[PDB]
């Protein structure tokens, strides 16, 4: 029995071993309670304002859109403390941990970004943080590993399975199943078993709430569309949620197309995978014909969660949101464009959202449209990746 619906239509649920159900029920009750508690809301608002830097700017991009009828704004989550939107929800989940009497945090990370986010929130709130990371990711992500350790987190290299994101998720859950009396599992996107897709949306929804207020103030109307990249679904649902009932507002989610959908080397399960049950949920995922879970491929490691949040699968199924893909080369060109024309270095994740808006603009340059891209993060972390690719094809 749950307090809230665990499903978004047919998608979602709580597909975890029986031993974990009391951990999810406890978390759901704490969340339901927190959301009614003005003191919890005030504490969360205080961290978001005075620690993280909320509200974030909404930047117009007249240099990019010159000569067209597109007006383009970027929601500047790249300016949040930590350099990505992940910070919003780790702060809320750290407060939920404290609410439940927990002094320890467990988190998973792929290439380190959510590990750093979890580590910074845990440092601020005085929680003992342990982060599972696939040994292959540890080797390749020295800067993130070092950040985590500087912040007092324990980084635990995962040698099991294929030593990557999936195995890290698996070890985090195994640990939590035994330690949940004292430890909270700080899941890194709007996916996994209920209540996580709901919690992470509600702890990201200030993105779209601020966007709505800022666009109303600057333009006197709602956007024609808001556009966000989709790895797991958290920045996108954060931007989308407050606009779901504004039926005129397009909601466009951009999955990574990798080397191109037709190569099979992509990370677009919502539109090009097949519904399965894994990660505690029923959702589209990357999987073999006989149902072994596979990996997503993207130039952007942050977009490599091989499934997608169940609310995105639902919003797609009813036609409320539309999902598209952007390839590695498309994202690279958008990265270069923003650097050169606005002096903002975007995360390669966010560059997928921007690339799709550029396409909306360029394909139809006389279409009147007011677009917001969720600029989910900064791209300093990506300059070596970008350098190497451009050098390798003699583009530089």
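In this text, the rigid core denotes the largest set of C-alpha atoms whose superposition between the two forms falls within 1.5 Å. Positions refer to the first chain, counted from 1.
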Using the rigid core for superposition, please say which stretch has the greater CA deviation in 4 other deposited structures of this protein, 100-108 or 311-319. 100-108
RMS Cα shift after core superposition in 4 other deposited structures of this protein, winner of 232-240 and 147-155: 147-155
Stretch with the higher entry mean CA B-factor, where the candidates are 285-293 and 155-163: 155-163
Averaged over C-alpha atoms, is the B-factor higher for 118-126 or for 143-151 in this PDB entry? 143-151
Out of 172, 80, 199, 244, highest CA B-factor residue: 172
Among 273, 232, 192, 256 - the residue whose C-alpha B-factor is largest in the record: 273
Residue 56: CA temperature factor from the record, placed by chain third, in the lowest
Thinking about Cα B factors across the chain, which third does residue 95 belong to? middle
Within this chain, which third does the Cα B-factor at residue 343 fall in: lowest, middle or highest? middle
Against its chain's modelled residues, does residue 33's Cα B factor rank lowest, middle or highest third? highest
Chain-relative CA temperature factor third for residue 39: highest
